[PDB]
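Here's a solo chain for you in structure tokens, the form deposited in one PDB entry.
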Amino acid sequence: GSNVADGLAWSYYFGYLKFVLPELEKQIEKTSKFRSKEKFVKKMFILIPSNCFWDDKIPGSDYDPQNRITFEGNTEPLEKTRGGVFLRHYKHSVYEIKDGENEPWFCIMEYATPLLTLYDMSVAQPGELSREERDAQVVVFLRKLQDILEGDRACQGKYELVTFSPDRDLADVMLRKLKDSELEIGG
């Protein structure tokens, strides 16, 4: 078949999210600065740009036109062993998002790395994956990943999928989502 996104969503889960999402809050809390910080939503915000593409660095990128996103630091790495072929250490980037004159938020943001395969495929093998087929596979990927994560009780409340057009301001998008998150002061 040509439905690559199904396999991409399942391996993204079993090769990564299944074991980092339940532990993310605990990993974050290993750092005193992160324990001390309020307005630090502890969910992984998984970024899904509709064009499967991004600038390697989020702060100041085309998705951050107002330069309101700042890299703060990394979480304490988690150790995980599977198959012994190659070793795996997992860590995440914490960002600060300005909220006007108020206290800025901290959050975890990461592009959905399987989108790289959709992008690479559309550029190197256009006969296998047209631009339009890639657009559709992003949606398949999104809906399958949703089904997978919603079926795992250990992942509940630990992530948020963020879909956006490359024309949108990620700082504005994230700010709205952070304000809408369940986390309250002292939570």
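Here the rigid core means the biggest group of C-alpha atoms that line up within 1.5 Å when the two forms are laid on top of each other. In this text, residue numbers run from 1 along the sequence as written.
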{"property": "Mean temperature factor over C-alpha atoms, higher-scoring stretch between 107-115 and 94-102", "result": "94-102"}
{"property": "Higher-scoring stretch by recorded Cα B factor average, 173-181 or 11-19", "result": "173-181"}
{"property": "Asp64, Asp120, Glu150, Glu38, ranked by C-alpha B-factor: the highest one", "result": "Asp64"}
{"property": "For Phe141, the third of its chain into which the C-alpha B factor falls", "result": "lowest"}
{"property": "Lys30 - Cα temperature factor, lowest/middle/highest third of chain", "result": "middle"}
{"property": "Among modelled residues of the same chain, the CA temperature factor third for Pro59", "result": "highest"}
{"property": "Third of the chain's Cα B-factor distribution that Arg131 belongs to, per the entry", "result": "lowest"}
{"property": "Chain-relative CA temperature factor third for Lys42", "result": "lowest"}
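Although not depicted, the form deposited in another entry is the subject of the following passage.
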| query | finding |
| --- | --- |
| Only residue that shifts (Cα, 2 Å or more, rigid core superposed) between this form and the one not shown, among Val140, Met121, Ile28, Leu149 | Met121 |
| Core fit, then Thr81 C-alpha moves 2 Å or more between this form and the one not shown | yes |
| C-alpha of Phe19 off by 2 Å or more between this form and the one not shown on rigid core | no |
